[PDB]
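Novice: Supplied in structure tokens, the structure appears directly below.
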Number of protein chains: 2
Amino acid sequence: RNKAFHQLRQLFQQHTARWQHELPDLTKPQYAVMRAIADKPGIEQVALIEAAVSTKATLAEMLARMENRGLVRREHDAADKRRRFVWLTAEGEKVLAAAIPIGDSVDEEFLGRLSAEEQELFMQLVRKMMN
Amino acid sequence: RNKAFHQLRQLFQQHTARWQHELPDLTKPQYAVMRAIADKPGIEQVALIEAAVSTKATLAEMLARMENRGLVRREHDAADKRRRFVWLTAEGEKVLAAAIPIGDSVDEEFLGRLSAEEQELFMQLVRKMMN
Ligand SMILES: [Cl-]
Ligand SMILES: [Cl-]
């Protein structure tokens, strides 16, 4: 189709289909949340919304599941228990460390079809299009 | 972030957030399904999966809801009732006709930030990346 955002969703679906086959227990939003916590241990939960590309409700559901699976621990602001700080557990570090080369490989199946200049330009257009 | 597919999901989330504000009762996958039925009235349901970018389960759920809202009608293969043909109803035509300029406008908020050459190239890279 000639609609750029339709073809973009089609590319996204192919990338998601490969991701779910290679990492059946870690979606891309879950993976991004773990990468963002690892990049800033103790990050505020609210700041983790933008860092991982999520929403308040979706992140809350996601962190509850990771917490129940021993992958994430959280602490609270004593002045405001609605504020929370997030760390990866040791098990969460192992899960993320094993997933990174897999996620990189899935990304590479698509980005590797582009030259370095094409990859840089693709990124530039996406940022140019964003608000 | 330097990950192209992370920034791409961020662009997708912004585009989805605008879409849901302007068309609160018609998501992009629902809109694409209606556009594909209108482009080929009587299209086989199975062929509508690729045309609208969906899955068998998701399309089945989606067409059931549209059918229950008087937006879609379906007919069956007499030899194999699992095969189905899909049409828009008159109400479905009106819903789609009203939605098209809205969806175009939402697309334009992002694509309009690119020149015609940048838009053509963005599309070319996406197709180059797809399988
Ligand atoms: Cl917080
Ligand atoms: Cl069918």
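A note on labels: chains of the structure tokens are A, B, ... as shown, every chain counts residues from 1, and ligands are counted from 1 in their shown order.
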Among stretch 3-77 of chain A, which residues does DSSP mark as alpha helix (DSSP H) when it is run on the backbone? Keep the chain and numbering as in the structure and answer as a count of residues only.

Specialist: 52

Novice: Find the residues around stretch 98-112 of chain B up to 7 Å (only C-alpha atoms counted), leave out those fewer than 5 positions away in its own chain, and share them as a list in words.

Specialist: residues 129 and 130 of chain A; 18, 19, 22 and 119 of chain B

Novice: Would you list the contacts of residue A:92 as a PyMOL selection string, taking every protein, DNA or RNA residue within 10 Å and counting only C-alpha atoms, but skipping same-chain residues closer than 6 positions in sequence?

Specialist: chain A and resi 34+38+66-67+69-73+98

Novice: Run DSSP on the backbone of this structure and report the residues of stretch 20-124 of chain B it assigns to strand (DSSP E), as a ChimeraX atom specification.

Specialist: /B:43-44,72-76,84-88

Novice: Write the residues of the selection above to a file with N, CA and C atoms, as a compact mmCIF listing (two decimals), in the first residue's frame.

Specialist:
```txt
# COMPACT_ATOMS: atom_id res chain seq x y z
N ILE B 43 -14.05 -9.52 -0.56
CA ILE B 43 -12.75 -10.14 -0.37
C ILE B 43 -12.86 -11.32 0.58
N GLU B 44 -12.11 -12.38 0.29
CA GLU B 44 -12.05 -13.52 1.20
C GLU B 44 -11.45 -13.08 2.53
N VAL B 72 -20.43 -4.41 8.92
CA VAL B 72 -19.87 -5.42 8.04
C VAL B 72 -20.87 -6.56 7.92
N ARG B 73 -20.98 -7.12 6.71
CA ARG B 73 -21.74 -8.34 6.49
C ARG B 73 -20.84 -9.37 5.80
N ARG B 74 -21.15 -10.65 6.02
CA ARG B 74 -20.31 -11.72 5.51
C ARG B 74 -21.16 -12.82 4.89
N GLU B 75 -20.57 -13.50 3.91
CA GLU B 75 -21.18 -14.67 3.28
C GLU B 75 -20.19 -15.83 3.35
N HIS B 76 -20.71 -17.04 3.17
CA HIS B 76 -19.93 -18.25 3.37
C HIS B 76 -19.80 -19.04 2.08
N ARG B 84 -14.96 -17.31 4.19
CA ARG B 84 -15.94 -16.24 4.30
C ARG B 84 -15.57 -15.10 3.37
N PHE B 85 -16.60 -14.40 2.89
CA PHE B 85 -16.45 -13.21 2.05
C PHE B 85 -17.04 -12.02 2.80
N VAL B 86 -16.40 -10.86 2.68
CA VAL B 86 -16.67 -9.72 3.55
C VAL B 86 -17.08 -8.52 2.70
N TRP B 87 -18.16 -7.85 3.11
CA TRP B 87 -18.58 -6.59 2.53
C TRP B 87 -18.80 -5.56 3.63
N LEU B 88 -18.62 -4.29 3.27
CA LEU B 88 -19.09 -3.20 4.11
C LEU B 88 -20.59 -3.02 3.91
```

Novice: By how many Å are atom CA of residue A:8 and atom CA of residue B:126 apart?

Specialist: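 We find that atom CA of residue A:8 and atom CA of residue B:126 lie 6.7 Å from each other.
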
Novice: Go through chain B and flag each residue having an atom no more than 10 Å from chain A; for those, report the closest pair of atoms plus their distance in Å to one decimal, using only C-alpha atoms, ordered by chain and rising number, as a tab-separated table.

Specialist:
```
residue	atom	partner	partner_atom	distance
B:1	CA	A:51	CA	8.7
B:2	CA	A:123	CA	8.6
B:3	CA	A:107	CA	8.7
B:4	CA	A:123	CA	6.0
B:5	CA	A:107	CA	7.3
B:6	CA	A:32	CA	7.9
B:7	CA	A:126	CA	7.3
B:8	CA	A:126	CA	6.7
B:9	CA	A:53	CA	7.5
B:10	CA	A:53	CA	6.0
B:11	CA	A:130	CA	5.8
B:12	CA	A:9	CA	8.3
B:13	CA	A:53	CA	7.8
B:14	CA	A:130	CA	7.5
B:15	CA	A:130	CA	8.7
B:28	CA	A:6	CA	8.6
B:29	CA	A:6	CA	9.1
B:32	CA	A:6	CA	7.9
B:50	CA	A:10	CA	9.0
B:51	CA	A:1	CA	8.7
B:52	CA	A:6	CA	8.4
B:53	CA	A:10	CA	6.0
B:54	CA	A:13	CA	8.4
B:55	CA	A:13	CA	9.8
B:104	CA	A:3	CA	9.3
B:107	CA	A:5	CA	7.3
B:108	CA	A:129	CA	9.9
B:109	CA	A:129	CA	8.3
B:110	CA	A:129	CA	4.9
B:111	CA	A:129	CA	6.3
B:112	CA	A:129	CA	8.0
B:113	CA	A:129	CA	5.6
B:114	CA	A:129	CA	6.9
B:118	CA	A:125	CA	7.3
B:119	CA	A:4	CA	8.1
B:120	CA	A:4	CA	9.0
B:121	CA	A:122	CA	8.5
B:122	CA	A:122	CA	6.5
B:123	CA	A:4	CA	6.0
B:124	CA	A:4	CA	9.7
B:125	CA	A:122	CA	6.9
B:126	CA	A:8	CA	6.7
B:127	CA	A:7	CA	7.7
B:128	CA	A:113	CA	6.7
B:129	CA	A:110	CA	4.9
B:130	CA	A:11	CA	5.8
B:131	CA	A:14	CA	7.7
```

Novice: Over all C-alpha pairs taken in sequence order, what does chain B look like after a least-squares fit onto chain A? Please give it as a compact mmCIF listing (two decimals) with N, CA and C atoms, in the first residue's frame.

Specialist:
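superposed-v4.txt written:
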```
# COMPACT_ATOMS: atom_id res chain seq x y z
N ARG B 1 0.83 -1.20 0.00
CA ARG B 1 0.00 0.00 0.00
C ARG B 1 0.87 1.26 0.00
N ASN B 2 0.31 2.36 -0.50
CA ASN B 2 1.02 3.62 -0.59
C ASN B 2 1.02 4.40 0.72
N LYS B 3 0.34 3.91 1.75
CA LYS B 3 0.32 4.60 3.04
C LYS B 3 1.57 4.22 3.84
N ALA B 4 2.37 5.22 4.19
CA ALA B 4 3.64 4.96 4.86
C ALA B 4 3.44 4.32 6.22
N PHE B 5 2.42 4.75 6.96
CA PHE B 5 2.17 4.21 8.28
C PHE B 5 1.52 2.83 8.24
N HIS B 6 0.91 2.46 7.11
CA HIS B 6 0.43 1.09 6.95
C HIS B 6 1.60 0.14 6.70
N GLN B 7 2.48 0.50 5.77
CA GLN B 7 3.68 -0.31 5.54
C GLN B 7 4.57 -0.35 6.78
N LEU B 8 4.58 0.73 7.57
CA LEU B 8 5.37 0.74 8.79
C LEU B 8 4.82 -0.24 9.82
N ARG B 9 3.50 -0.32 9.95
CA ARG B 9 2.90 -1.31 10.83
C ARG B 9 3.20 -2.72 10.34
N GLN B 10 3.25 -2.92 9.02
CA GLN B 10 3.59 -4.22 8.47
C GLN B 10 5.03 -4.61 8.79
N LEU B 11 5.95 -3.65 8.70
CA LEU B 11 7.32 -3.90 9.12
C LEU B 11 7.38 -4.19 10.62
N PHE B 12 6.61 -3.44 11.41
CA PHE B 12 6.58 -3.66 12.85
C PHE B 12 6.05 -5.05 13.19
N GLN B 13 5.04 -5.52 12.46
CA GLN B 13 4.48 -6.83 12.74
C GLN B 13 5.48 -7.94 12.42
N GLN B 14 6.23 -7.80 11.33
CA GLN B 14 7.26 -8.78 11.01
C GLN B 14 8.35 -8.79 12.07
N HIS B 15 8.78 -7.61 12.52
CA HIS B 15 9.79 -7.52 13.57
C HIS B 15 9.27 -8.11 14.88
N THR B 16 8.00 -7.87 15.19
CA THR B 16 7.41 -8.44 16.40
C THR B 16 7.28 -9.95 16.30
N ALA B 17 6.93 -10.46 15.11
CA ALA B 17 6.78 -11.90 14.94
C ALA B 17 8.11 -12.62 15.13
N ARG B 18 9.20 -12.05 14.62
CA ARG B 18 10.51 -12.63 14.83
C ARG B 18 10.92 -12.56 16.30
N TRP B 19 10.64 -11.42 16.94
CA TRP B 19 10.99 -11.24 18.35
C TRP B 19 10.31 -12.29 19.22
N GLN B 20 9.01 -12.51 19.01
CA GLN B 20 8.28 -13.46 19.84
C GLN B 20 8.76 -14.89 19.62
N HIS B 21 9.28 -15.20 18.43
CA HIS B 21 9.82 -16.53 18.19
C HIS B 21 11.15 -16.72 18.91
N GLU B 22 12.00 -15.70 18.89
CA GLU B 22 13.33 -15.81 19.50
C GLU B 22 13.30 -15.57 21.00
N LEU B 23 12.43 -14.70 21.48
CA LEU B 23 12.32 -14.37 22.90
C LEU B 23 10.87 -14.53 23.34
N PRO B 24 10.39 -15.77 23.46
CA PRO B 24 8.96 -15.99 23.72
C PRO B 24 8.48 -15.49 25.07
N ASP B 25 9.38 -15.24 26.02
CA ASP B 25 9.00 -14.82 27.36
C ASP B 25 9.41 -13.38 27.66
N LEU B 26 9.76 -12.60 26.64
CA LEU B 26 10.19 -11.22 26.86
C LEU B 26 9.81 -10.41 25.62
N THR B 27 8.71 -9.67 25.71
CA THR B 27 8.31 -8.80 24.62
C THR B 27 9.25 -7.60 24.52
N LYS B 28 9.12 -6.85 23.43
CA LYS B 28 9.93 -5.65 23.26
C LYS B 28 9.65 -4.60 24.33
N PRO B 29 8.40 -4.29 24.69
CA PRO B 29 8.20 -3.34 25.80
C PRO B 29 8.77 -3.82 27.12
N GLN B 30 8.69 -5.13 27.41
CA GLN B 30 9.31 -5.66 28.62
C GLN B 30 10.83 -5.54 28.54
N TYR B 31 11.40 -5.85 27.37
CA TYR B 31 12.85 -5.75 27.18
C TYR B 31 13.32 -4.31 27.34
N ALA B 32 12.59 -3.36 26.76
CA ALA B 32 12.97 -1.95 26.87
C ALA B 32 12.92 -1.47 28.32
N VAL B 33 11.94 -1.95 29.09
CA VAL B 33 11.86 -1.58 30.50
C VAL B 33 13.08 -2.07 31.25
N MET B 34 13.50 -3.31 30.99
CA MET B 34 14.66 -3.86 31.68
C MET B 34 15.94 -3.14 31.27
N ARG B 35 16.06 -2.80 29.98
CA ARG B 35 17.24 -2.06 29.53
C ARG B 35 17.31 -0.68 30.17
N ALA B 36 16.16 -0.03 30.35
CA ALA B 36 16.16 1.31 30.94
C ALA B 36 16.47 1.26 32.43
N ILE B 37 15.99 0.24 33.13
CA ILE B 37 16.33 0.09 34.55
C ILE B 37 17.82 -0.19 34.71
N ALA B 38 18.38 -1.01 33.82
CA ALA B 38 19.80 -1.32 33.90
C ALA B 38 20.65 -0.09 33.59
N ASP B 39 20.19 0.76 32.68
CA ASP B 39 20.95 1.97 32.35
C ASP B 39 20.94 2.97 33.49
N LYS B 40 19.90 2.95 34.33
CA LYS B 40 19.80 3.85 35.48
C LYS B 40 19.16 3.08 36.62
N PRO B 41 19.96 2.36 37.40
CA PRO B 41 19.41 1.65 38.57
C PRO B 41 18.80 2.63 39.57
N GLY B 42 17.62 2.28 40.08
CA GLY B 42 16.90 3.16 40.96
C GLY B 42 16.10 4.24 40.27
N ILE B 43 15.91 4.13 38.95
CA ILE B 43 15.14 5.13 38.22
C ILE B 43 13.74 5.24 38.79
N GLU B 44 13.22 6.46 38.85
CA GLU B 44 11.84 6.67 39.26
C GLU B 44 10.90 5.99 38.27
N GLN B 45 9.85 5.36 38.80
CA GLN B 45 8.91 4.64 37.94
C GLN B 45 8.28 5.58 36.92
N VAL B 46 7.97 6.81 37.32
CA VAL B 46 7.33 7.75 36.40
C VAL B 46 8.26 8.11 35.26
N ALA B 47 9.55 8.32 35.55
CA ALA B 47 10.52 8.59 34.50
C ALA B 47 10.74 7.38 33.60
N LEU B 48 10.48 6.17 34.11
CA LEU B 48 10.64 4.96 33.32
C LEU B 48 9.58 4.85 32.23
N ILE B 49 8.49 5.61 32.33
CA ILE B 49 7.46 5.60 31.29
C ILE B 49 8.04 6.10 29.97
N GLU B 50 8.68 7.27 30.00
CA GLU B 50 9.27 7.82 28.78
C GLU B 50 10.49 7.03 28.35
N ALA B 51 11.31 6.59 29.31
CA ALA B 51 12.56 5.92 28.98
C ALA B 51 12.32 4.62 28.21
N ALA B 52 11.25 3.91 28.55
CA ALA B 52 10.95 2.62 27.93
C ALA B 52 9.85 2.70 26.88
N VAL B 53 9.25 3.88 26.68
CA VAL B 53 8.12 4.07 25.79
C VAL B 53 6.96 3.20 26.26
N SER B 54 6.14 3.74 27.15
CA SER B 54 5.03 3.01 27.75
C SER B 54 4.00 4.02 28.23
N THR B 55 3.05 3.55 29.03
CA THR B 55 2.10 4.41 29.72
C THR B 55 2.12 4.06 31.20
N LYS B 56 1.49 4.92 32.01
CA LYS B 56 1.44 4.68 33.45
C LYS B 56 0.79 3.34 33.76
N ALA B 57 -0.36 3.07 33.15
CA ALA B 57 -1.07 1.83 33.42
C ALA B 57 -0.29 0.62 32.92
N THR B 58 0.22 0.69 31.69
CA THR B 58 0.92 -0.46 31.11
C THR B 58 2.21 -0.76 31.87
N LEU B 59 2.95 0.28 32.26
CA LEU B 59 4.18 0.07 33.02
C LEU B 59 3.87 -0.53 34.39
N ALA B 60 2.80 -0.07 35.04
CA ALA B 60 2.43 -0.60 36.35
C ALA B 60 2.11 -2.08 36.27
N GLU B 61 1.31 -2.48 35.28
CA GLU B 61 1.03 -3.89 35.06
C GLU B 61 2.32 -4.66 34.77
N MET B 62 3.21 -4.08 33.97
CA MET B 62 4.42 -4.78 33.56
C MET B 62 5.38 -4.96 34.73
N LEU B 63 5.56 -3.92 35.55
CA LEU B 63 6.47 -4.02 36.69
C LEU B 63 5.93 -4.96 37.76
N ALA B 64 4.60 -5.05 37.89
CA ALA B 64 4.02 -5.99 38.84
C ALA B 64 4.33 -7.43 38.45
N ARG B 65 4.25 -7.75 37.15
CA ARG B 65 4.56 -9.10 36.70
C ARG B 65 6.04 -9.42 36.89
N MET B 66 6.92 -8.49 36.53
CA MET B 66 8.35 -8.72 36.73
C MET B 66 8.69 -8.85 38.20
N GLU B 67 8.03 -8.07 39.06
CA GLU B 67 8.25 -8.19 40.49
C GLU B 67 7.82 -9.55 41.01
N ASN B 68 6.67 -10.05 40.53
CA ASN B 68 6.18 -11.36 40.95
C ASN B 68 7.05 -12.50 40.44
N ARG B 69 7.84 -12.27 39.40
CA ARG B 69 8.74 -13.27 38.86
C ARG B 69 10.18 -13.09 39.34
N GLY B 70 10.39 -12.26 40.35
CA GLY B 70 11.72 -12.08 40.91
C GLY B 70 12.71 -11.38 40.01
N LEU B 71 12.23 -10.64 39.01
CA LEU B 71 13.11 -9.95 38.08
C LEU B 71 13.33 -8.48 38.43
N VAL B 72 12.50 -7.91 39.29
CA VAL B 72 12.51 -6.48 39.59
C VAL B 72 12.17 -6.29 41.06
N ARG B 73 12.84 -5.34 41.70
CA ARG B 73 12.48 -4.91 43.04
C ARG B 73 12.27 -3.40 43.04
N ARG B 74 11.44 -2.92 43.96
CA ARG B 74 11.07 -1.52 44.00
C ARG B 74 11.12 -0.99 45.43
N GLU B 75 11.40 0.31 45.54
CA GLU B 75 11.37 1.02 46.81
C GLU B 75 10.46 2.24 46.66
N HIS B 76 10.02 2.78 47.80
CA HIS B 76 9.02 3.83 47.82
C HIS B 76 9.58 5.11 48.42
N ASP B 77 9.08 6.24 47.92
CA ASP B 77 9.34 7.53 48.56
C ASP B 77 8.57 7.57 49.88
N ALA B 78 9.28 7.84 50.97
CA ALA B 78 8.63 7.90 52.28
C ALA B 78 7.63 9.04 52.35
N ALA B 79 7.87 10.12 51.60
CA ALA B 79 6.94 11.25 51.60
C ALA B 79 5.72 10.99 50.72
N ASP B 80 5.87 10.17 49.68
CA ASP B 80 4.78 9.91 48.74
C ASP B 80 4.94 8.48 48.23
N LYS B 81 4.19 7.55 48.82
CA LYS B 81 4.29 6.15 48.44
C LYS B 81 3.85 5.89 47.01
N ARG B 82 3.23 6.87 46.34
CA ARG B 82 2.90 6.70 44.93
C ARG B 82 4.15 6.77 44.06
N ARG B 83 5.20 7.43 44.54
CA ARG B 83 6.48 7.44 43.84
C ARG B 83 7.27 6.19 44.17
N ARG B 84 7.90 5.61 43.15
CA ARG B 84 8.61 4.35 43.31
C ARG B 84 9.92 4.40 42.55
N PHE B 85 10.91 3.67 43.07
CA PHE B 85 12.22 3.51 42.44
C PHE B 85 12.41 2.04 42.09
N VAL B 86 13.04 1.78 40.95
CA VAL B 86 13.04 0.45 40.35
C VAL B 86 14.47 -0.03 40.16
N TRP B 87 14.74 -1.27 40.57
CA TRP B 87 16.01 -1.94 40.31
C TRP B 87 15.75 -3.30 39.68
N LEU B 88 16.72 -3.76 38.89
CA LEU B 88 16.76 -5.15 38.48
C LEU B 88 17.32 -6.00 39.62
N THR B 89 16.72 -7.16 39.84
CA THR B 89 17.32 -8.13 40.74
C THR B 89 18.48 -8.83 40.03
N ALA B 90 19.18 -9.70 40.76
CA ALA B 90 20.25 -10.48 40.14
C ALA B 90 19.70 -11.38 39.05
N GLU B 91 18.55 -12.01 39.30
CA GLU B 91 17.88 -12.80 38.26
C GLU B 91 17.49 -11.92 37.08
N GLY B 92 17.05 -10.69 37.34
CA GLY B 92 16.71 -9.79 36.26
C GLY B 92 17.90 -9.42 35.41
N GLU B 93 19.07 -9.27 36.04
CA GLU B 93 20.30 -9.01 35.29
C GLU B 93 20.61 -10.16 34.34
N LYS B 94 20.48 -11.40 34.84
CA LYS B 94 20.76 -12.56 34.00
C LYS B 94 19.77 -12.67 32.85
N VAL B 95 18.49 -12.40 33.11
CA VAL B 95 17.49 -12.46 32.05
C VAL B 95 17.78 -11.42 30.98
N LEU B 96 18.13 -10.20 31.40
CA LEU B 96 18.43 -9.15 30.43
C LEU B 96 19.72 -9.44 29.68
N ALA B 97 20.76 -9.88 30.39
CA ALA B 97 22.05 -10.14 29.75
C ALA B 97 21.92 -11.21 28.67
N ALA B 98 21.11 -12.24 28.92
CA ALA B 98 20.92 -13.28 27.92
C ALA B 98 20.08 -12.79 26.75
N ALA B 99 19.18 -11.83 26.99
CA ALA B 99 18.27 -11.39 25.95
C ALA B 99 18.90 -10.39 24.99
N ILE B 100 19.91 -9.64 25.44
CA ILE B 100 20.46 -8.55 24.62
C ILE B 100 21.01 -9.05 23.29
N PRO B 101 21.87 -10.08 23.23
CA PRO B 101 22.33 -10.54 21.91
C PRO B 101 21.22 -11.11 21.05
N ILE B 102 20.14 -11.61 21.65
CA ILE B 102 19.02 -12.12 20.86
C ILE B 102 18.25 -10.96 20.24
N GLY B 103 17.92 -9.95 21.04
CA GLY B 103 17.24 -8.78 20.51
C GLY B 103 18.06 -8.06 19.46
N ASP B 104 19.37 -7.94 19.69
CA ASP B 104 20.25 -7.35 18.69
C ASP B 104 20.18 -8.12 17.38
N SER B 105 20.15 -9.45 17.45
CA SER B 105 20.13 -10.26 16.24
C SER B 105 18.83 -10.07 15.47
N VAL B 106 17.70 -9.97 16.18
CA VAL B 106 16.42 -9.76 15.51
C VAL B 106 16.40 -8.40 14.82
N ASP B 107 16.84 -7.36 15.53
CA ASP B 107 16.99 -6.04 14.91
C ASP B 107 17.85 -6.11 13.66
N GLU B 108 18.92 -6.91 13.70
CA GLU B 108 19.87 -6.96 12.61
C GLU B 108 19.28 -7.59 11.35
N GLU B 109 18.33 -8.52 11.51
CA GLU B 109 17.71 -9.14 10.34
C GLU B 109 17.04 -8.11 9.44
N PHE B 110 16.58 -7.00 10.02
CA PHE B 110 15.93 -5.93 9.27
C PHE B 110 16.88 -4.77 8.97
N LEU B 111 17.55 -4.25 10.00
CA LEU B 111 18.48 -3.14 9.79
C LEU B 111 19.67 -3.55 8.93
N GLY B 112 20.12 -4.80 9.05
CA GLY B 112 21.23 -5.28 8.25
C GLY B 112 20.98 -5.25 6.76
N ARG B 113 19.71 -5.16 6.35
CA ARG B 113 19.39 -4.98 4.94
C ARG B 113 19.69 -3.57 4.45
N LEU B 114 20.04 -2.65 5.34
CA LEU B 114 20.39 -1.29 4.99
C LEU B 114 21.88 -1.05 5.19
N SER B 115 22.44 -0.18 4.36
CA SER B 115 23.80 0.27 4.58
C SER B 115 23.85 1.21 5.79
N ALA B 116 25.07 1.52 6.24
CA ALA B 116 25.23 2.41 7.38
C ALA B 116 24.62 3.78 7.11
N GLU B 117 24.79 4.29 5.89
CA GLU B 117 24.19 5.58 5.54
C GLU B 117 22.67 5.49 5.49
N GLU B 118 22.14 4.37 4.99
CA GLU B 118 20.69 4.19 4.98
C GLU B 118 20.14 4.08 6.40
N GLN B 119 20.87 3.41 7.29
CA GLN B 119 20.43 3.29 8.68
C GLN B 119 20.43 4.64 9.37
N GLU B 120 21.51 5.42 9.19
CA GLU B 120 21.56 6.74 9.79
C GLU B 120 20.44 7.63 9.26
N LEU B 121 20.14 7.51 7.97
CA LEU B 121 19.12 8.38 7.41
C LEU B 121 17.73 7.94 7.87
N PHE B 122 17.47 6.63 7.92
CA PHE B 122 16.21 6.13 8.45
C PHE B 122 15.94 6.69 9.84
N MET B 123 16.95 6.65 10.71
CA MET B 123 16.80 7.21 12.05
C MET B 123 16.52 8.71 11.98
N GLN B 124 17.23 9.43 11.11
CA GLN B 124 17.04 10.87 11.01
C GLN B 124 15.61 11.22 10.60
N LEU B 125 15.03 10.46 9.66
CA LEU B 125 13.66 10.75 9.25
C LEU B 125 12.67 10.48 10.37
N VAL B 126 12.91 9.43 11.16
CA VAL B 126 12.00 9.10 12.25
C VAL B 126 12.00 10.21 13.29
N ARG B 127 13.19 10.70 13.67
CA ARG B 127 13.26 11.81 14.61
C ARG B 127 12.66 13.08 14.01
N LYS B 128 12.89 13.32 12.72
CA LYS B 128 12.30 14.47 12.06
C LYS B 128 10.78 14.41 12.09
N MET B 129 10.21 13.21 12.08
CA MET B 129 8.76 13.03 12.07
C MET B 129 8.14 13.11 13.46
N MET B 130 8.93 12.91 14.51
CA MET B 130 8.40 12.85 15.86
C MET B 130 8.14 14.26 16.40
N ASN B 131 7.27 14.32 17.41
CA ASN B 131 6.96 15.57 18.09
C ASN B 131 7.91 15.77 19.27
```
